[PDB]
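Below: one structure, written as C-alpha coordinates.
As the structure lists them, so they are numbered: ligands from 1, and atoms in each ligand from 1. Index from 1, following the sequence.
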Amino acid sequence: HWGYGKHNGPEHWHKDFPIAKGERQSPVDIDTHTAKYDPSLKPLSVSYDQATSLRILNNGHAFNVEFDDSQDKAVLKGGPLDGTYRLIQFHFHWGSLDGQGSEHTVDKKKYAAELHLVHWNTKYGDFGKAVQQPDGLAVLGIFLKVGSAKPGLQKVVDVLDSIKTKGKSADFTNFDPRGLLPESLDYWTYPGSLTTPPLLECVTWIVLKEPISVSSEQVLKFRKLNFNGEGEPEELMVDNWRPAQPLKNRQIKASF
Ligand SMILES: NS(=O)(=O)c1nc2ccc(O)cc2s1
Ligand SMILES: NS(=O)(=O)c1nc2ccc(O)cc2s1
Ligand SMILES: [Zn+2]
(Lines give C-alpha, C1' and ligand atoms only; values in the text may rest on other atoms or scores of the structure.)
(Ligands and ions follow the chains in the order given, each with its own letter.)
Protein backbone atom coordinates (compact mmCIF):
# COMPACT_ATOMS: atom_id res chain seq x y z
CA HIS A 1 0.00 0.00 0.00
CA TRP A 2 2.97 2.36 -0.50
CA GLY A 3 2.71 4.83 -3.38
CA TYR A 4 3.28 8.42 -4.33
CA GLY A 5 0.17 10.10 -2.94
CA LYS A 6 0.01 12.39 0.13
CA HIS A 7 -1.06 9.57 2.33
CA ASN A 8 1.30 6.81 1.12
CA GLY A 9 4.22 8.63 -0.53
CA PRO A 10 7.91 8.83 0.23
CA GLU A 11 7.43 10.59 3.61
CA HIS A 12 5.48 7.56 4.82
CA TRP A 13 7.59 4.69 3.50
CA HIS A 14 9.89 4.52 6.51
CA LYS A 15 7.13 3.16 8.69
CA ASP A 16 7.00 -0.11 6.78
CA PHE A 17 10.50 0.07 5.22
CA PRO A 18 12.74 1.44 7.97
CA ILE A 19 15.82 1.25 5.71
CA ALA A 20 14.25 4.32 4.05
CA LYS A 21 16.31 6.27 6.61
CA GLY A 22 19.42 4.18 5.93
CA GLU A 23 23.03 5.12 5.24
CA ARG A 24 23.01 4.52 1.46
CA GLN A 25 19.63 5.55 0.13
CA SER A 26 18.84 6.67 -3.38
CA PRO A 27 18.35 8.89 -5.25
CA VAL A 28 20.76 11.66 -4.36
CA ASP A 29 21.65 15.11 -5.61
CA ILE A 30 24.79 15.03 -7.74
CA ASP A 31 26.88 18.04 -6.83
CA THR A 32 28.99 18.31 -9.94
CA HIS A 33 31.61 20.40 -8.15
CA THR A 34 32.10 17.91 -5.30
CA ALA A 35 32.20 14.80 -7.53
CA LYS A 36 35.73 13.80 -8.38
CA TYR A 37 37.20 12.23 -11.51
CA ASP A 38 38.35 8.68 -10.74
CA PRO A 39 41.04 7.48 -13.17
CA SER A 40 40.65 4.01 -11.61
CA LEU A 41 37.32 3.52 -13.37
CA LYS A 42 37.64 1.08 -16.26
CA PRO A 43 35.75 1.80 -19.51
CA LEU A 44 32.02 1.19 -19.29
CA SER A 45 30.62 -1.51 -21.56
CA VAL A 46 26.93 -1.54 -22.46
CA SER A 47 26.50 -4.75 -24.47
CA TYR A 48 22.85 -4.95 -25.56
CA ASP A 49 23.13 -6.45 -29.07
CA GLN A 50 21.46 -9.72 -28.09
CA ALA A 51 18.81 -8.17 -25.83
CA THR A 52 15.51 -10.07 -25.80
CA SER A 53 12.62 -7.95 -24.61
CA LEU A 54 9.45 -9.90 -23.76
CA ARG A 55 6.66 -7.94 -22.18
CA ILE A 56 5.61 -4.53 -20.86
CA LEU A 57 3.78 -4.32 -17.51
CA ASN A 58 1.92 -1.56 -15.67
CA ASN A 59 2.71 -2.48 -12.03
CA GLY A 60 0.83 0.41 -10.38
CA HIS A 61 4.03 2.36 -9.77
CA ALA A 62 5.55 2.61 -13.26
CA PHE A 63 5.70 0.45 -16.40
CA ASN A 64 8.45 -2.13 -16.82
CA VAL A 65 9.83 -3.36 -20.15
CA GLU A 66 10.97 -6.87 -19.13
CA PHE A 67 13.82 -8.90 -20.69
CA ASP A 68 14.78 -12.55 -20.93
CA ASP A 69 17.56 -12.74 -18.34
CA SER A 70 17.94 -16.53 -18.43
CA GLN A 71 21.24 -16.09 -20.33
CA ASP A 72 23.82 -13.25 -20.65
CA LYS A 73 22.03 -11.63 -23.61
CA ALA A 74 22.23 -8.00 -22.54
CA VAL A 75 24.82 -7.09 -19.97
CA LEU A 76 26.60 -4.20 -18.36
CA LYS A 77 30.27 -4.44 -17.35
CA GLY A 78 33.22 -2.16 -16.73
CA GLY A 79 33.17 1.24 -15.16
CA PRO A 80 33.06 0.75 -11.38
CA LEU A 81 31.67 -2.78 -11.77
CA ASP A 82 33.36 -6.07 -10.87
CA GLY A 83 31.99 -8.83 -13.08
CA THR A 84 28.91 -9.09 -15.26
CA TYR A 85 25.49 -7.58 -14.67
CA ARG A 86 22.50 -8.86 -16.61
CA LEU A 87 19.69 -6.59 -17.85
CA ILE A 88 16.33 -7.65 -16.38
CA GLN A 89 14.06 -4.63 -17.00
CA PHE A 90 13.89 -0.92 -17.56
CA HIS A 91 11.37 1.65 -16.40
CA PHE A 92 10.98 5.40 -15.99
CA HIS A 93 10.03 7.96 -13.40
CA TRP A 94 8.36 11.18 -14.55
CA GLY A 95 6.49 14.26 -13.41
CA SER A 96 3.14 15.97 -13.80
CA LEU A 97 5.02 18.96 -15.33
CA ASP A 98 8.21 19.15 -17.38
CA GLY A 99 10.01 20.84 -14.46
CA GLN A 100 10.10 17.76 -12.30
CA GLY A 101 10.14 14.01 -12.60
CA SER A 102 13.72 12.81 -12.19
CA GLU A 103 14.90 11.05 -9.05
CA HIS A 104 18.53 12.04 -9.17
CA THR A 105 19.19 15.74 -9.53
CA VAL A 106 22.23 17.53 -10.90
CA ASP A 107 23.20 20.62 -8.91
CA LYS A 108 19.61 20.45 -7.65
CA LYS A 109 18.23 20.53 -11.23
CA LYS A 110 15.26 18.23 -11.80
CA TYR A 111 14.80 16.72 -15.23
CA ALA A 112 11.40 15.86 -16.74
CA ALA A 113 11.99 12.11 -16.33
CA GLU A 114 14.61 9.48 -15.58
CA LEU A 115 15.13 6.07 -17.24
CA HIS A 116 16.42 3.16 -15.12
CA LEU A 117 17.97 0.14 -16.78
CA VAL A 118 18.16 -2.48 -14.05
CA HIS A 119 20.82 -5.21 -13.96
CA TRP A 120 21.77 -7.97 -11.53
CA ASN A 121 25.20 -9.39 -10.77
CA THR A 122 25.37 -12.86 -12.29
CA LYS A 123 27.66 -14.13 -9.56
CA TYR A 124 24.52 -14.33 -7.35
CA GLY A 125 22.57 -16.48 -9.83
CA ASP A 126 19.23 -14.64 -9.75
CA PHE A 127 17.74 -11.25 -8.92
CA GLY A 128 16.30 -12.32 -5.59
CA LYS A 129 19.67 -13.44 -4.25
CA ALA A 130 21.35 -10.44 -5.80
CA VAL A 131 19.22 -8.07 -3.67
CA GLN A 132 20.63 -9.68 -0.55
CA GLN A 133 24.11 -8.38 -1.53
CA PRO A 134 25.78 -4.98 -1.25
CA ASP A 135 26.97 -5.32 -4.87
CA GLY A 136 23.96 -7.19 -6.18
CA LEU A 137 22.59 -4.70 -8.72
CA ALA A 138 23.69 -2.04 -11.16
CA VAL A 139 21.21 0.57 -12.34
CA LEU A 140 22.07 2.71 -15.35
CA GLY A 141 20.24 6.00 -15.03
CA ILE A 142 19.56 8.37 -17.89
CA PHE A 143 17.88 11.77 -17.66
CA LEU A 144 15.15 12.87 -20.04
CA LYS A 145 14.61 16.44 -21.09
CA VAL A 146 11.80 17.75 -23.26
CA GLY A 147 12.67 18.90 -26.77
CA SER A 148 13.13 16.81 -29.91
CA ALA A 149 11.47 13.40 -30.07
CA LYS A 150 13.52 10.29 -29.27
CA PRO A 151 12.74 7.95 -32.17
CA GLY A 152 13.81 4.83 -30.29
CA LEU A 153 11.28 5.56 -27.56
CA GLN A 154 8.23 5.74 -29.81
CA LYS A 155 7.47 2.01 -29.78
CA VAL A 156 7.24 2.23 -25.98
CA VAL A 157 4.98 5.25 -26.18
CA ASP A 158 2.65 3.63 -28.67
CA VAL A 159 1.95 0.51 -26.56
CA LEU A 160 1.02 2.43 -23.38
CA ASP A 161 -2.59 2.71 -24.47
CA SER A 162 -2.85 -1.05 -24.04
CA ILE A 163 -1.48 -1.06 -20.51
CA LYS A 164 -3.31 1.92 -19.08
CA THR A 165 -4.12 0.46 -15.69
CA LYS A 166 -2.42 -1.42 -12.90
CA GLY A 167 -1.90 -5.10 -13.63
CA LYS A 168 -2.15 -4.87 -17.40
CA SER A 169 0.59 -6.22 -19.62
CA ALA A 170 1.27 -6.57 -23.34
CA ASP A 171 3.68 -8.53 -25.50
CA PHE A 172 6.73 -6.37 -26.18
CA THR A 173 9.23 -8.38 -28.15
CA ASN A 174 12.03 -7.20 -30.37
CA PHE A 175 12.52 -3.80 -28.74
CA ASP A 176 16.13 -2.53 -28.85
CA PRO A 177 17.02 -0.56 -25.72
CA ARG A 178 20.13 0.82 -27.41
CA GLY A 179 17.79 3.36 -28.92
CA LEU A 180 17.29 4.94 -25.53
CA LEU A 181 20.92 5.90 -24.86
CA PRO A 182 22.56 9.26 -25.47
CA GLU A 183 25.75 9.54 -27.55
CA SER A 184 28.10 9.85 -24.60
CA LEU A 185 28.62 7.31 -21.81
CA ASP A 186 30.31 9.81 -19.37
CA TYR A 187 28.79 9.09 -15.96
CA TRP A 188 28.74 9.60 -12.27
CA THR A 189 28.70 6.63 -9.92
CA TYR A 190 27.97 6.05 -6.25
CA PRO A 191 26.73 3.25 -3.99
CA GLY A 192 23.00 3.42 -3.20
CA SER A 193 19.64 1.68 -3.10
CA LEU A 194 16.46 0.81 -4.92
CA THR A 195 14.44 4.03 -5.06
CA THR A 196 11.10 2.27 -4.34
CA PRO A 197 10.22 -0.14 -1.53
CA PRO A 198 11.80 -2.37 -0.41
CA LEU A 199 14.56 0.29 -0.81
CA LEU A 200 17.29 -2.30 -0.53
CA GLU A 201 20.86 -1.03 -0.35
CA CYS A 202 22.15 -3.33 -3.01
CA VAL A 203 22.81 -0.92 -6.02
CA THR A 204 25.80 0.51 -7.82
CA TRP A 205 24.33 3.59 -9.51
CA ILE A 206 25.73 4.70 -12.85
CA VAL A 207 24.08 7.96 -13.91
CA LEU A 208 24.86 9.26 -17.37
CA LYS A 209 25.77 12.93 -17.65
CA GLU A 210 24.22 13.48 -21.05
CA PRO A 211 20.40 13.54 -21.05
CA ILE A 212 18.32 12.23 -23.89
CA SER A 213 15.70 14.49 -25.46
CA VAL A 214 12.13 13.29 -25.76
CA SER A 215 9.21 15.23 -27.15
CA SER A 216 6.46 16.88 -25.18
CA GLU A 217 4.04 14.56 -26.96
CA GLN A 218 5.99 11.51 -25.86
CA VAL A 219 6.07 12.41 -22.13
CA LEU A 220 2.43 13.54 -22.33
CA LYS A 221 1.56 9.93 -23.22
CA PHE A 222 3.45 8.70 -20.12
CA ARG A 223 1.20 10.96 -18.09
CA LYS A 224 -1.98 9.32 -19.45
CA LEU A 225 -1.18 6.07 -17.65
CA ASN A 226 -3.02 5.17 -14.45
CA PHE A 227 -1.88 4.14 -11.01
CA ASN A 228 -5.28 2.58 -10.43
CA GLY A 229 -6.68 -0.66 -11.71
CA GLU A 230 -9.37 -1.03 -14.38
CA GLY A 231 -12.83 0.14 -13.44
CA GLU A 232 -11.43 2.21 -10.54
CA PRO A 233 -11.42 5.99 -10.23
CA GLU A 234 -8.75 7.52 -12.41
CA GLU A 235 -5.52 8.53 -10.75
CA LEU A 236 -3.01 9.62 -13.36
CA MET A 237 0.44 8.02 -13.09
CA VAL A 238 2.49 11.14 -12.64
CA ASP A 239 5.11 12.22 -10.10
CA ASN A 240 6.20 8.68 -9.40
CA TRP A 241 9.66 9.87 -8.26
CA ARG A 242 11.36 9.72 -4.87
CA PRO A 243 13.17 12.97 -3.94
CA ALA A 244 16.88 13.13 -3.16
CA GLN A 245 18.05 11.48 0.04
CA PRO A 246 20.95 12.35 2.33
CA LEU A 247 24.34 11.53 0.86
CA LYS A 248 25.77 10.55 4.27
CA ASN A 249 29.25 8.95 4.12
CA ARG A 250 29.40 8.64 0.33
CA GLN A 251 31.44 10.04 -2.50
CA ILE A 252 30.20 10.49 -6.02
CA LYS A 253 32.83 9.71 -8.62
CA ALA A 254 33.04 11.00 -12.21
CA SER A 255 34.26 9.00 -15.19
CA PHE A 256 35.31 12.12 -17.09
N1 LIG B 1 4.47 2.81 4.94
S2 LIG B 1 3.92 2.63 3.54
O3 LIG B 1 4.22 1.29 3.13
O4 LIG B 1 4.31 3.83 2.81
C5 LIG B 1 2.15 2.76 3.78
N6 LIG B 1 1.36 1.73 3.91
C7 LIG B 1 0.06 2.10 4.06
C8 LIG B 1 -1.02 1.22 4.22
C9 LIG B 1 -2.28 1.83 4.37
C10 LIG B 1 -2.41 3.22 4.36
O11 LIG B 1 -3.68 3.77 4.52
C12 LIG B 1 -1.33 4.10 4.21
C13 LIG B 1 -0.10 3.47 4.06
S14 LIG B 1 1.39 4.39 3.86
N1 LIG C 1 13.89 2.54 -9.22
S2 LIG C 1 14.91 1.45 -9.11
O3 LIG C 1 15.85 1.75 -8.03
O4 LIG C 1 15.47 1.13 -10.41
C5 LIG C 1 14.08 -0.02 -8.59
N6 LIG C 1 13.36 -0.18 -7.56
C7 LIG C 1 12.89 -1.45 -7.42
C8 LIG C 1 12.09 -1.93 -6.38
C9 LIG C 1 11.73 -3.27 -6.47
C10 LIG C 1 12.13 -4.11 -7.51
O11 LIG C 1 11.72 -5.44 -7.52
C12 LIG C 1 12.95 -3.63 -8.55
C13 LIG C 1 13.29 -2.28 -8.45
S14 LIG C 1 14.28 -1.48 -9.65
ZN1 LIG D 1 13.55 3.37 -10.98
query: Distance-only, no hydrogens or angles: does the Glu232 side chain make a donor-acceptor pair with backbone N or O of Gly229 under 3.5 Å?
result: yes

message: Using a 4.0 Å cutoff against the non-hydrogen atoms of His93, which atoms of ligand 2 qualify?
response: 1 (N)

task: Could you tell me whether a side-chain N or O of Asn58 sits under 3.5 Å from a main-chain N or O of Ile163, the two making a donor and an acceptor?
output: yes

task: Report the hydrophobic cluster partners of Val131, with the cluster defined as I, L, V, M, F, W, Y residues connected by side-chain heavy atoms closer than 4.5 angstrom, directly or transitively.
output: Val28, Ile30, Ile88, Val106, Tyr111, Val118, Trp120, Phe127, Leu137, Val139, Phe143, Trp188, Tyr190, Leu194, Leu200, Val203, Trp205, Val207, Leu247, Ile252, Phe256

message: What count do you get for protein N, O or S atoms closer to the Zn ion (ligand 3) than 2.8 Å?
response: 3

message: With a 4.5 Å cut-off on side-chain heavy atoms, are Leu153 and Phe222 touching?
response: yes

field: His7-ligand 1 polar pair, N/O distance under 3.5 Å
entry: no

query: Do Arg86 and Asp126 meet the salt-bridge criterion of a basic N to acidic O distance under 4.0 Å?
result: no

field: Non-hydrogen atom of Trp205 closer than 4.0 Å to ligand 2
entry: yes

Sub-4.0 Å atoms of ligand 1 with respect to non-hydrogen atoms of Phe17: 3 (O)

statement: Within 4.0 Å of some non-hydrogen atom of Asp16, the atoms of ligand 1 are 1 (N), 2 (S), 3 (O), 5 (C), 6 (N)

message: Apply side chain to side chain contact (heavy atoms under 4.5 Å, CB included) to residues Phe172 and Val159 and explain how you reach the verdict.
response: CA-CA 8 Å; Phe172 201 69; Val159 77; 3.7 Å; yes

Pairwise distance OG(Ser255) to CG(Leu208) - rounded to 0.5 angstrom: 8.5 Å

- prompt: How long is the span from the CG atom in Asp239 to the OG atom in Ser96, to the nearest 0.5 Å?
  reply: 3.5 Å

- prompt: Near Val118, which atoms of ligand 2 are under 4.0 Å from a heavy atom of that residue?
  reply: 4 (O), 14 (S)

- request: For the pair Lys164 and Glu234, find out whether any cationic side-chain nitrogen is under 4.0 Å from an anionic carboxylate oxygen.
  value: yes

message: For the 3.5 Å polar cut-off, considering only N or O atoms, please tell me whether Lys15 and ligand 1 meet it.
response: no

query: Please state which protein non-hydrogen atom is closest to atom 12 (C) of ligand 2 and give its distance, to 0.1 Å?
result: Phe127 CZ, 4.0 Å

- prompt: Taking the side chain as C-beta and beyond, is there a heavy-atom pair between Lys248 and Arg24 under 4.5 Å?
  reply: no

message: Test of understanding: given a 4.0 Å heavy-atom threshold, classify the contact between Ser26 and ligand 2 as side chain, backbone, both, or neither.
response: neither

message: Among all protein heavy atoms in this structure, tell me which lies nearest to atom 1 (N) of ligand 2, with the distance rounded to 0.1 Å.
response: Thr195 OG1, 2.8 Å

Nearest-contact summary for atom 6 (N) of ligand 2 - protein heavy atom, Å: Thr196 OG1, 3.4 Å

- line: Atoms of ligand 1 under 4.0 Å from any heavy atom of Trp13, numbered from 1 in the order shown, are 1 (N), 4 (O)

message: Show me which atoms of ligand 1 lie under 4.0 Å from any heavy atom of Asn8.
response: 4 (O), 14 (S)

- prompt: Donor-acceptor pair, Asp171 side chain versus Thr173 backbone, under 3.5 Å?
  reply: yes

task: State whether the number of non-hydrogen atoms from other residues, nucleotides or ligands found under 6.0 Å of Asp82 atom CG is greater than 12.
output: no

query: Under a 4.5 Å cut-off applied to non-hydrogen side-chain atoms, are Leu76 and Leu87 in contact?
result: no

- prompt: Does ligand 2 have an atom under 4.0 Å from some heavy atom of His91?
  reply: yes

- line: for atom 5 (C) of ligand 2, nearest protein heavy atom and its distance come out as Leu194 CD2, 3.7 Å

